[PDB]
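What follows is one chain in structure tokens, specifically the form deposited in one PDB entry.
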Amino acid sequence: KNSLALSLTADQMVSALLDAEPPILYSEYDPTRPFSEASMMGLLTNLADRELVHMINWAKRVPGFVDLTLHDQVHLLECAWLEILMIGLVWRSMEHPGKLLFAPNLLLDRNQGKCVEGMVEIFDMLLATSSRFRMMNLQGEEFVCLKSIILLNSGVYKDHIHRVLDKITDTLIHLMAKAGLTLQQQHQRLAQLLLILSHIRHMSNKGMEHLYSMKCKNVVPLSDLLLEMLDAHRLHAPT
């Protein structure tokens, strides 16, 4: 059967993506200014667990996603969840140079990343990605397109997904043309944005490797959902 996603116009695609946006969640007000391995992991895991529920319901609202089998939907979310949390983080950190806005009540600097072993390197990569998005003046409409591309492109190999990915490309080009960019500027900006996706993948892989290690799993008790999302990646890891 045919997918509605392809029949959508560029404006209907942008509006369906902007309407699907999950909200910005707050951290627990309980522990303030984390400075230990346990407090830092406690806050971030609690926040990630709550954002995951919103992400699942967001993915169901991404045109083309509902048309996939339940098994393929599980696979894409299992592959992309940390990349999705990370692009979300980098977006909302844009207006905060040198800081990561994990939540409006949880603004962290690189010195806090030092509290957890292996974290500051990822924090530095996240800050540089936020900084790159800031200098490029990334727009909200472009952000929701990039986030949808991360979800559909997460699985390394298919016809339906590649037709939806082409529609999103057309949507990104439609936004840049609507912004007054020339053809050279449109293809240059399309490339710049998509190359940043390689970096978001790299951050996810590096972060995931630390998150599914035994030492990272033992810092604080993890929810059953977070543990299942981690084990989807741990399964491929070396023994």
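So that the term is clear: the rigid core is the largest set of C-alpha atoms that superpose within 1.5 Å between two forms. Residues that one form lacks are left out of the comparison. Heads up: residue numbers just count along the shown sequence, starting at 1.
The form deposited in another entry exists for this protein as well; it is not shown, and the discussion that follows is about that form.
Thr32 is the only residue from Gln192, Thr182, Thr32, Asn57 whose Cα shifts by 2 Å or more between this form and the one not shown, the rigid core being superposed. With the core held fixed, the Cα of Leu70 is displaced between this form and the one not shown by less than 2 Å.
Put the two forms on the same core and the Cα of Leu17 is off by less than 2 Å between this form and the one not shown.
After superposition on the rigid core, displacement of the C-alpha of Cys216 between this form and the one not shown amounts to 2 Å or more. Annotation for the pair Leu107/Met214: C-alpha atoms approach each other in the other entry, by 3 Å or more compared with this form. Compared with the form shown here, the C-alpha atoms of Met214 and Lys114 sit at least 3 Å closer together in the other entry. Comparing the forms between this form and the one not shown on their core, residues 30 to 35, 213 to 217 form runs of at least three in a row where every Cα shifts 2 Å or more.
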